[PDB]
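In: Below you'll find the sequence and an experimental structure to go with it.
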Amino acid sequence: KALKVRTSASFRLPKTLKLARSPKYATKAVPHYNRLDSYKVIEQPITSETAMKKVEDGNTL
RNA sequence: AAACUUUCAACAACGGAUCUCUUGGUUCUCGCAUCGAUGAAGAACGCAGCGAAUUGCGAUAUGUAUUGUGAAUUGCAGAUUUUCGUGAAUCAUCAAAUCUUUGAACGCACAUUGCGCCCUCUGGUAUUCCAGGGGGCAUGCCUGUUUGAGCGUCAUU
């Protein structure tokens, strides 16, 4: 007894212990290898003659 | 008389009838029961040495694995010797995988390849910033879970 004197007439939802995930098995099972590798990002270089201008003269492959 | 018009012939056009064909349909019978949040159906964009479509598949992209078959594929090119072999093939089979972006579509959005937050790791002086790799975060309901709320309500110091 001697109850909780409150000030806010507004009764908000009382902050509580939001527990985190501790799942009994991995959903994915095997972590997937990198979607987008080094080699998989950059495919072919270019041979359009006006790129080979830009390579040699501008220093941009 | 010629030209012309007409009729009719052979040959030639035009045109695609007829005939004959037929990997399509068609109805009838029989057998079976098997989609999907373990992401279905559908879509989008891709992917072939040379593909536009089709067919197949998903950045492991006309496939990988497995098994069988036992030498193809074939338009060209090309391999490779694997041809008394754990092994050819646009083969069959198919139980292992991959399965972009989507889509019931599920972080929140969605005429946008937009905008977040969390966990973890690696870069950059980094718990907080950025970036990269991974794994997440939908709603309802259910069973439990812990955390709580109500002088709803009981019993105690």
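Out: It's in. Numbers count the residues shown, from 1 in each chain, chains lettered A, B, ... in the order given.

In: where along chain A do the helices fall?
Out: With DSSP state H, the ranges of helices along chain A come out as A:38-41, A:49-58.

In: Show me which residues of chain A are close to RNA strand B?
Out: Contact residues (Cβ under 7 Å from any atom of the strand) of chain A with RNA strand B: A:1, A:3-4, A:14, A:16-17, A:19, A:21, A:26-28, A:30-36, A:40. Bear in mind the C-beta positions are built from the backbone N, C-alpha and C, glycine included.

In: again, only this time at 10 Å
Out: Residues of chain A lying near RNA strand B by Cβ under 10 Å from any atom of the strand: A:1-4, A:6, A:11, A:13-21, A:23, A:26-41, A:43.

In: For the helices of chain A, give me JSON lines that also has mean neighbour count.
Out: Shown next, in JSON lines, are those (neighbours: other Cβ atoms under 10 Å):
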{"stretch": "helix A:38-41", "mean neighbour count": "8"}
{"stretch": "helix A:49-58", "mean neighbour count": "10"}
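
In: Just the buried ones from the residues of chain A next to RNA strand B?
Out: Neighbour counting by 16 or more other Cβ atoms under 10 Å classes none of the residues of chain A next to RNA strand B as buried.

In: now the strands for chain A?
Out: Using DSSP state E, no strands are assigned anywhere in chain A.

In: Residue A:26 and residue A:2: what is the separation?
Out: 50 Å (Cβ to Cβ, to the nearest Å).

In: and residue A:10, how many neighbours?
Out: Other residues near residue A:10 come to 6 when the count uses other Cβ atoms under 10 Å.

In: Also residue A:9?
Out: 5.

In: ok, now how distant is it from residue A:42?
Out: 63 Å.

In: same check, this time on residue A:61
Out: 10 Å.

In: Can you check which residues contact both of those two?
Out: Shared contacts of residue A:61 and residue A:42, defined by Cβ atoms under 8 Å, 6 or more residues apart in numbering, are absent.

In: Can you give me the first-to-last residue distance of stretch A:38-48?
Out: Terminal residues of stretch A:38-48 are spaced 23 Å apart (Cα to Cα, to the nearest Å).

In: hmm, who's touching that stretch?
Out: Against stretch A:38-48 from outside (Cβ under 8 Å, 6+ apart): A:34, A:61.
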